[PDB]
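S.K.: Residue numbers (the numbering used here), protein chains in the order written: chain A, 1 to 175; chain B, 1001 to 1104; chain C, 2001 to 2084; chain D, 3001 to 3177; chain E, 4001 to 4136. Quick one: structure below, then a few questions.
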Amino acid sequence: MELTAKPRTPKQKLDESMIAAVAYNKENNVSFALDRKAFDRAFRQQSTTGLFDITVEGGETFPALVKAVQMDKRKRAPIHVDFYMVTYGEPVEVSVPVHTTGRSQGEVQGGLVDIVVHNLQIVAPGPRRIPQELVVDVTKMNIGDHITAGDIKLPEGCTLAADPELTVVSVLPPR
Amino acid sequence: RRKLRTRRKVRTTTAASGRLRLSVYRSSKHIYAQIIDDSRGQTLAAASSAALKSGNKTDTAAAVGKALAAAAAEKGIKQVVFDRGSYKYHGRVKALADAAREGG
Amino acid sequence: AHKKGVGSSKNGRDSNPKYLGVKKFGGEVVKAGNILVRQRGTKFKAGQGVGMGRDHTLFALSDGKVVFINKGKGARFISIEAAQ
Amino acid sequence: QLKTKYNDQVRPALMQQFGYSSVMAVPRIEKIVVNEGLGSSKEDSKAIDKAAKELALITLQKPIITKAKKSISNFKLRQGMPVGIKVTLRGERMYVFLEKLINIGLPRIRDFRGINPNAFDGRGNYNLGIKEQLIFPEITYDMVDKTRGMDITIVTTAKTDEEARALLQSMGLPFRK
Amino acid sequence: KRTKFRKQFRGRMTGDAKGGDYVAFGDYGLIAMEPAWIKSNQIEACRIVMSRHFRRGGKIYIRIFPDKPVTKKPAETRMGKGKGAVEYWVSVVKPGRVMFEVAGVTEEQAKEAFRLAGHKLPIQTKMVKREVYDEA
RNA sequence: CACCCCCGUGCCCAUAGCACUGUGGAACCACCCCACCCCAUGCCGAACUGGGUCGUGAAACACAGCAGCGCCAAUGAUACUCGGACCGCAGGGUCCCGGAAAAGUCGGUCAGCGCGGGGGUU
RNA sequence: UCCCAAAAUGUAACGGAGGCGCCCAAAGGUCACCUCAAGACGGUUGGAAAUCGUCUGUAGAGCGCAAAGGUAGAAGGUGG
Ligand SMILES: [Mg+2]
Ligand SMILES: [Mg+2]
Ligand SMILES: [Mg+2]
């Protein structure tokens, strides 16, 4: 992502395919303005558990994580973004997606397994090695099987910010 | 509880009064018969019973009232006002009062 | 007679003339007697030098300049930092 | 007439059972009460008297008519109207009547066997729910009106119920084991 | 459909969506692209339609309840006051909003569960999927 | 304002509140003790109140740590809008120009500032 | 008295809701004091609420009636 400008005036882009963000930490809170498409093809994967090279026009590579993007209504199109410069030993806390795997003993059974909570935020991730996903069991689950955060295995170190007993998923019944 | 001190205090008008207020912390036997000037968070006199007492404390009663009334003299105060506390103007406190309420 | 309801319920006729507000604003050389605020409960609380009528009205006892003070909302006051 | 073994049997034995940094910080007893939530089901401008007259000779204290919280729920309820009766006891009269109970009260109870264990005011405070008034060293049916009951409150500095019980028992109290 | 209890009447005005997230409760979802008044009975028209296409799972979310009473001509007159508290009930959808979002059925078994459901709405809508991560 | 701490009383009046934890005792404070009568609880000197130790610091308080919660709160982009000028039959909407939120995010703090009296620096 | 009413005031409709033609020797003057709703655990006729008790508890209560504003340092609750 080669964003270059960063003036308060976004004219020179609002037409020209280019999104407009801002990134910081507590130190520098530099103004920003990157390419629409690029970021558009970008953020997709890495989402918010994905840090990428930020060599602002002039050659000064930076590290940051996707904070908060506020896209257009009427148009799934995005307009503004927030990057939270990666730290080193602690970024803050992150939002990690819940994922199912292996056919469940509920699906075939007679019902369908539902993921009550899509993405999930956990206390402390640990910068340098931050889960860009989170596979989860479902098979065992049968006729009304709830799985909470205090169940899902954890990626060596990370601590669950979300209440444990909280239903992350549950096999839903028929009808 | 506290209410009592804030009612008593609040009821006592500040600068609309112009006058001055004399307090008292006689829930202890360490009264403080303090005198304060409305606006400025200043204290003009005072006449506790902290400088010894001889043995009295609930008795040093009118002592501190006396030790204050004549005390303002070396400042020269004429009009003052009693801002007691919870202390329901009984004897112990009436002491300081009458004592001073005449010694002034 | 008959056997119904005297008047037809659910109406919408009439209301009230009504007034109230703020008669004197920040920095107006009030006067002895000027009224500075018609309020209802105690929106603005009698500051320093501001007598307060029976209907929470607020007037000036002496002369001077009108002063507004609002601490974190809730409690507001109109004072009179007289000139002279 | 008490207090020494109060401390002694209780207090010391307490450090000699526990370990208190002071004698100040040891579970004690703040007040014993007698709630008389009678009437209502018996609106006897006459029956109300039985209680007081009574309570007072068995608690040696003129009680107050804890009039309805002005609550007027569906059934029989209304404004602030005489319903119950409160009589708080502390220190002296407390211990003075109290002792009666530890001594005569309960001991002298037909069908009596002891009192429930299970924690009450997790506040380290205990509760007592007496019924029939016919078991009092004062209660005289051959000089009363009809026959009633009553409830008593144990108010104790006890920080915990653990510390409560003991105090409660050593000080005088039977437990149905 | 209808609200359980309330006040009785109302007014009318507009400005685009404000609280119609995106993903939440599902993987697929429908969004309205025009300022309208969704008649409760035009919701049933969807729900039910949508049902049929599905058999079980019931992974259909209707996050657009009708908080709005409308009115009518008692027959003609004019000489009297406001009228017809009960013409029907409406739920004001605004652009970008999310009335629907099934979840669980095939991408396709989802693009039809709406197509139809869209043929009975006073406006134009398009389907949506993910990357929706604002508040959670 | 020599250094400190403590008690009273302010301004300020949650970025000064809470909680969890620890520090303090015989200078101050409080608990504590008795209390017939002064004066007193619509019952209880629990609270008012009168006369005082010891003992304790446990409770209350004062102090200090801490931020899990509260309270504060950016910037960037945005909602809206004065003004200018347009669109769609209509619901509605847009362009140029100044103003410009709310919520949320970075982060922020568990105050700061007086007067007077007390006791310490063996 | 609320809304309409377009953050000053004011503003219409056979527009949307609701009250008044009173009440209080004391529900007034002043002077003292107390402070609520509500839940949780534990308690006797009780057992849903209610009487007592113990925690939480800027008040989520109260204010003679309609609503709004206002109010606990009380306009709330008692006594002289
Ligand atoms: Mg302009
Ligand atoms: Mg314009
Ligand atoms: Mg603009």
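We put the CB at the ideal spot given by N, CA and C, even for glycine.
(1) Any Cβ of chain E within less than 7 Å of the Cβ of residue 174 (chain A)?
(2) Whole angstroms is fine: what's the gap from residue 3176 (chain D)'s alpha carbon to residue 3055 (chain D)'s?
(3) Please compile the residues from chain E whose C-beta is within a distance smaller than 7 Å of the C-beta of residue 73 (chain A).
(4) Return the chain-ordered ranges of every alpha helix (DSSP H) run that is complete within the segment 4001–4070 of chain E and spans a minimum of 4 residues.
(5) Along chain A, which residues have their Cβ under 8 Å away from the Cβ of residue 4128 (chain E)?
(6) What is the rounded straight-line gap between the Cα of residue 4070 (chain E) and the Cα of residue 4039 (chain E)?
(7) Please decide whether residue 119 (chain A) counts as near chain E, where near means a Cβ-Cβ distance under 7 Å.
(8) Within 7 Å of any Cβ in chain A, is that where the Cβ of residue 4056 (chain E) sits?
(9) Whole angstroms are fine: how far does the CA of residue 1014 (chain B) sit from the CA of residue 1003 (chain B)?
(10) Are the segment 2023–2042 of chain C and the segment 2054–2061 of chain C touching by the rule of at least three beta carbon pairs closer than 8 Å?
(11) Got a sec? Which residues, its chain only, sit under 8 Å from residue 4016 (chain E) by beta carbon, not counting five neighbours each side?
(12) What separation, rounded to the nearest whole angstrom, lies between the Cα atoms of residue 3108 (chain D) and residue 3125 (chain D)?
(13) Taking a cut of 7 Å between CB atoms, which residues from the segment 4030–4041 of chain E lie near chain A?
(14) Hey, would you say residue 4091 (chain E) sits closer than 7 Å to residue 4123 (chain E), going by beta carbons?
(15) Strictly below 8 Å CB to CB, what residues from chain A border residue 4131 (chain E)?
(16) Determine the contact status of residue 3026 (chain D) and residue 3153 (chain D), defining contact as a CB-CB distance below 7 Å.
(17) For the beta strand (DSSP E) that contains residue 3151 (chain D), what are its first and last residues?
(18) Along the chain, where does the alpha helix (DSSP H) containing residue 3006 (chain D) start, and where does it finish?
(19) Based on the DSSP output, what are the partners of residue 4127 (chain E) in its beta bridges?
(20) Please state whether the Cβ-Cβ distance between residue 985 (chain B) and residue 1043 (chain B) is less than 7 Å.
(21) Whose CA, out of D:3169, D:3158, D:3133, D:3144, lies closest to the CA of residue 3036 (chain D)?
(22) Apart from the five residues just before and just after residue 4066 (chain E), which ones in its own chain have a Cβ nearer than 6 Å to its Cβ?
(23) Can you list, in chain order, the stretches of the beta strand (DSSP E) that have 3 or more residues and sit fully within the segment 105–171 of chain A?
(24) Between the alpha carbons of residue 3076 (chain D) and residue 3137 (chain D), how many angstroms are there, rounded?
(25) Within a Cβ cutoff of 6 Å, which residues of the same chain sit near residue 4060 (chain E), ignoring the five residues on either side of it in sequence?
(26) Interface residues of chain A around residue 4045 (chain E) at Cβ under 7 Å?
(27) Count the C-beta pairs between the segment 3159–3173 of chain D and the segment 3005–3017 of chain D that are closer than 8 Å, then say yes if the count reaches three, no if not.
(28) Establish whether the CB of residue 112 (chain A) and some CB of chain E are separated by less than 7 Å.
(29) May I have a chain-ordered list of the beta strand (DSSP E) segments no shorter than 3 residues that lie completely inside the segment 2002–2066 of chain C?
(30) Chain A beta carbons: is any one of them nearer than 7 Å to that of residue 4104 (chain E)?
(31) Determine, using beta carbons only, whether residue 4136 (chain E) comes closer than 7 Å to chain A.
(32) Between the alpha carbons of residue 3147 (chain D) and residue 3059 (chain D), how many angstroms are there, rounded?
(33) Can you give the Cα-Cα distance for residue 1051 (chain B) and residue 1062 (chain B), rounded to whole angstroms?
(34) Output yes or no for whether 7 Å exceeds the beta carbon distance between residue 131 (chain A) and residue 155 (chain A).
(35) Once you ignore the five residues that flank residue 166 (chain A) on each side, which residues in its own chain have a CB closer than 6 Å to its CB?
(36) Can you give the Cα-Cα distance for residue 1038 (chain B) and residue 9 (chain A), rounded to whole angstroms?
M.R.: Working from what's here:
(1) Counting from 1 along the first sequence, the entry for residue 174 (chain A) is found at position 174. Chain E contact via Cβ: present.
(2) Mapped onto the fourth sequence, residue 3176 (chain D) falls at position 176. Mapped onto the fourth sequence, residue 3055 (chain D) falls at position 55. The straight-line gap from Cα to Cα measures roughly 27 Å.
(3) Against the first sequence, residue 73 (chain A) aligns to sequence position 73. Within chain E, 4016, 4017, 4095, 4096 have C-beta atoms less than 7 Å from the C-beta of residue 73 (chain A), given in sequence order.
(4) 4040–4053
(5) Within the fifth sequence, residue 4128 (chain E) is the residue found at index 128, counting from 1. Simply 76.
(6) Here the question's residue 4070 (chain E) lines up with position 70 in the fifth sequence. Here the question's residue 4039 (chain E) lines up with position 39 in the fifth sequence. Those two C-alpha atoms are separated by around 10 Å.
(7) Along the first sequence, one-based indexing puts residue 119 (chain A) at 119. By the rule that beta-carbons nearer than 7 Å mark a contact, residue 119 (chain A) touches chain E.
(8) The residue given as residue 4056 (chain E) occupies position 56 in the fifth sequence. True, the Cβ-Cβ gap to chain A drops below 7 Å.
(9) Taking the second sequence and counting its residues from 1, one reaches residue 1003 (chain B) at position 3. Taking the second sequence and counting its residues from 1, one reaches residue 1014 (chain B) at position 14. Roughly 18 Å between the two C-alpha positions.
(10) yes
(11) Residue 4016 (chain E) sits at position 16 when you count from the first residue of the fifth sequence. Result list for residue 4016 (chain E): 4035, 4094, 4095, 4096, in chain order.
(12) Your numbering for residue 3108 (chain D) matches position 108 in the fourth sequence. Your numbering for residue 3125 (chain D) matches position 125 in the fourth sequence. Distance between the alpha carbons of residue 3108 (chain D) and residue 3125 (chain D) is about 24 Å.
(13) 4033
(14) Taking the fifth sequence and counting its residues from 1, the one referred to as residue 4091 (chain E) is at position 91. Taking the fifth sequence and counting its residues from 1, the one referred to as residue 4123 (chain E) is at position 123. No.
(15) Along the fifth sequence, one-based indexing puts residue 4131 (chain E) at 131. The contacting residues are 43, 44, 47.
(16) By 1-based counting over the fourth sequence, the position of residue 3026 (chain D) is 26. By 1-based counting over the fourth sequence, the position of residue 3153 (chain D) is 153. Cβ atoms of residue 3026 (chain D) and residue 3153 (chain D): not closer than 7 Å.
(17) Position 151 of the fourth sequence holds residue 3151 (chain D). Boundaries cannot be given for residue 3151 (chain D), as no beta strand (DSSP E) includes it and DSSP labels it neither H nor E.
(18) Counting from one through the fourth sequence, the residue named residue 3006 (chain D) turns up at place 6. No alpha helix (DSSP H) holds residue 3006 (chain D); DSSP gives it neither H nor E.
(19) The sequence position of residue 4127 (chain E) within the fifth sequence is 127, counting from 1. According to DSSP, residue 4127 (chain E) bridges with E:4030.
(20) Shown here, chain B extends from 1001 to 1104; a query on residue 985 (chain B) therefore has no answer.
(21) The sequence position of residue 3036 (chain D) within the fourth sequence is 36, counting from 1. Of the candidates D:3169, D:3158, D:3133, D:3144, D:3133 places its Cα closest to the Cα of residue 3036 (chain D).
(22) Position 66 of the fifth sequence, counted from the start, is the residue given in the question as residue 4066 (chain E). Hits under 6 Å: 4040, 4089, 4090, 4091.
(23) 112–114, 119–123, 146–148
(24) Taking the first residue of the fourth sequence as position 1, residue 3076 (chain D) is located at position 76. Taking the first residue of the fourth sequence as position 1, residue 3137 (chain D) is located at position 137. Using only the alpha carbons, I get a separation of about 35 Å.
(25) Position 60 of the fifth sequence, counting from 1, holds the residue named residue 4060 (chain E). Closer than 6 Å at Cβ, skipping near neighbours: 4050, 4102.
(26) Locating residue 4045 (chain E) in the fifth sequence gives position 45, where the first residue counts as 1. Here the premise fails: no neighbours, minimum Cβ distance about 21 Å.
(27) yes
(28) For the purposes of this step, residue 112 (chain A) is taken as the residue at position 112 of the first sequence. Interface residue, yes.
(29) 2035–2037, 2058–2060
(30) Within the fifth sequence, residue 4104 (chain E) is the residue found at index 104, counting from 1. Yes - at least one Cβ of chain A is within 7 Å of the one on residue 4104 (chain E).
(31) Translated into positions along the fifth sequence, residue 4136 (chain E) becomes position 136. Residue 4136 (chain E) counts as touching chain A.
(32) Locating residue 3147 (chain D) in the fourth sequence gives position 147, counting from the first residue. Locating residue 3059 (chain D) in the fourth sequence gives position 59, counting from the first residue. One alpha carbon belongs to residue 3147 (chain D), the other to residue 3059 (chain D), and they sit about 17 Å apart.
(33) To locate residue 1051 (chain B), count along the second sequence from 1; it is residue 51. To locate residue 1062 (chain B), count along the second sequence from 1; it is residue 62. When rounded, the distance between both Cα atoms is 15 Å.
(34) By one-based count along the first sequence, residue 131 (chain A) stands at place 131. By one-based count along the first sequence, residue 155 (chain A) stands at place 155. Yes. Within cutoff.
(35) Indexing the first sequence from 1 puts residue 166 (chain A) at position 166. The answer, listed in chain order, is 148, 149.
(36) Within the second sequence, the letter at position 38 stands for residue 1038 (chain B). Within the first sequence, the letter at position 9 stands for residue 9 (chain A). If you take the alpha carbons of residue 1038 (chain B) and residue 9 (chain A), they lie about 56 Å apart.
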